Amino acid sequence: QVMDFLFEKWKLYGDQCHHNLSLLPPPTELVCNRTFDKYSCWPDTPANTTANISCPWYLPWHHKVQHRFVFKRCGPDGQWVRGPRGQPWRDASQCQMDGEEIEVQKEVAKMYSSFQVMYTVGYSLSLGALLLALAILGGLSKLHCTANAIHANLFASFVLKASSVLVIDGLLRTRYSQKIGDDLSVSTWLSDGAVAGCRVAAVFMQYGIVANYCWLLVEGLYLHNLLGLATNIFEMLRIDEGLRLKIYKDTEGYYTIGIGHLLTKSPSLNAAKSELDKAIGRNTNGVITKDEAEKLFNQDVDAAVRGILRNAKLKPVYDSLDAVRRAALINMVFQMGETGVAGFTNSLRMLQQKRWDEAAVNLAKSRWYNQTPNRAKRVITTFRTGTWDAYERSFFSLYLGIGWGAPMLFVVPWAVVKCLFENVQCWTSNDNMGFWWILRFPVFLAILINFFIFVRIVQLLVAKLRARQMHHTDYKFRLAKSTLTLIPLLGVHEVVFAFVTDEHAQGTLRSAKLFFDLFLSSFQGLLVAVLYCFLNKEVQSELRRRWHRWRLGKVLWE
């Protein structure tokens, strides 16, 4: 608003200079006629004598230079002393801004450009990593999973923030690189300008900033969910087959409780009661609880695993699987039988070859998919993704609402306040700007919420690790690792730079301290990219495999 204030004040000087000159009386001697040499207002000045008027009030630094004067010599010929190329000349040397400030401004110009190249590099490489991470997740078709969908949207917010910062600095060069042509050029520059673009981009940055906070809260929320929701082999079959606490009868006629646990093949239901008592060690009349059923089911899986290892066709594939995909195999040996699953020769081969995508396509081309498409969809997903995601209730719709809905509630009201009451420069102003808190409240609330869930997560992770419940190979541990590093990585940054950026006094020290914070935070995109994509073992494996199929393709054949 300094360029805007000065052009308005100079036009005012220009207008009221002509009026002030009109009311002057006609001369009585040889005089230099009343003029406005576009810089100052000159009255009728007698020949030889030098005129002196106070510095023009339209100047931004008028407050300081207030008492000084501008001079102009009137020639002995009656016309004003002209310049070298016959131009309007005057001595406004003592109306100029402080020589000390011009040198200091030349120094701030160097550091603003020096700091710009540095953070532009940081933002460029963190954005580059992000686009590559989104390309990888997307390309490998791994964006189906609830975890990856969250990561992609977290990446999208870090893309938006980083990219809108570069657009703002880019537009600021484009605008201020322009030359002061004429008064028409200035009028076109201020009024009919792309100052709107600057501000549209600022809104995307503000939204970027808050959405970053929200998408990191949903990471903590999704993890807090996964850890509590401890899905196992028993849980998937309690869904697929169903738990039956009372004494039921199997399809063949014989008595069977829980998840198809046979007691006696004979039709004697009275004798079956005495057989059930042998397992737990006490009388139950014919009904067992959840803890009794899952302890008894863990014998069925131990018995089914034994058989799979004794089977020459199933043992090669079984060993080349993780604990989750093994559960999907043990699951279909429960519905199909041991000899039945051994029939999936082609599918089992590619499931051993880790070709999860094409394995899932021909497993769906099976006669088994047609008979039970519901149960097949879930186990086919478990083989494709290596996660219990198909057997867990997703809150993904909520997560989009938290991640993108919540910043929406505060950025657009802010953008309205900004539009009416604080429509100045580029709108990027973040702290102690009056109604700064409109955008700070949602982030304060997200760090506060994200703090309490972190503690709950670490409390429940320590407990689950001490109870040998979670093994260092389970995908939940691997996800827990990258999430529980990112949260204290970003958390500590906030705490530290709250003391580092305590420099309130305007200068180069303040500017470098401001730069220190923003520079270290420019790499954040690269952090989320490595943690949620590049360090992912499954992503690393798929890329390694798709590269070896390329190494055989264009080298051996072509």
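The first residue of the sequence shown is number 1, and the count goes up from there.
On mean Cα temperature factor in this entry, is 453-461 or 258-266 the higher one?
Mean B over CA atoms: larger for 258-266.
Output the stretch having the higher mean C-alpha B factor in the entry; the candidates are 349-357 and 276-284.
The stretch with the larger mean CA B-factor is 276-284.
Maximum C-alpha temperature factor per the entry, among 512, 47, 528, 520, belongs to which one?
Spelled out: the listed residue with the top C-alpha B-factor is 47.
Please pick out which of 248, 213, 155, 115 has the largest Cα B-factor as recorded in the entry.
The listed residue with the largest C-alpha B-factor is 248.
How does residue 297 rank on Cα B-factor within its chain, lowest, middle or highest third?
Highest third of the chain for residue 297's C-alpha B-factor.
Lowest, middle or highest third - CA B-factor, residue 181:
CA B-factor rank for residue 181: highest third.
Quick check on the deposited entry: does the C-alpha B-factor of residue 89 sit in the lowest, middle or highest third of its chain?
Highest third, going by the recorded CA B-factors of the chain.
What third of its chain, lowest, middle or highest, does the C-alpha temperature factor of residue 32 fall into?
For residue 32, whose C-alpha B-factor we compare with every modelled residue in the chain, the answer is the highest third.
Could you tell me which third, lowest, middle or highest, the C-alpha B-factor of residue 219 occupies within its chain?
Lowest third - that is where residue 219 ends up once the chain's C-alpha B-factors are sorted.
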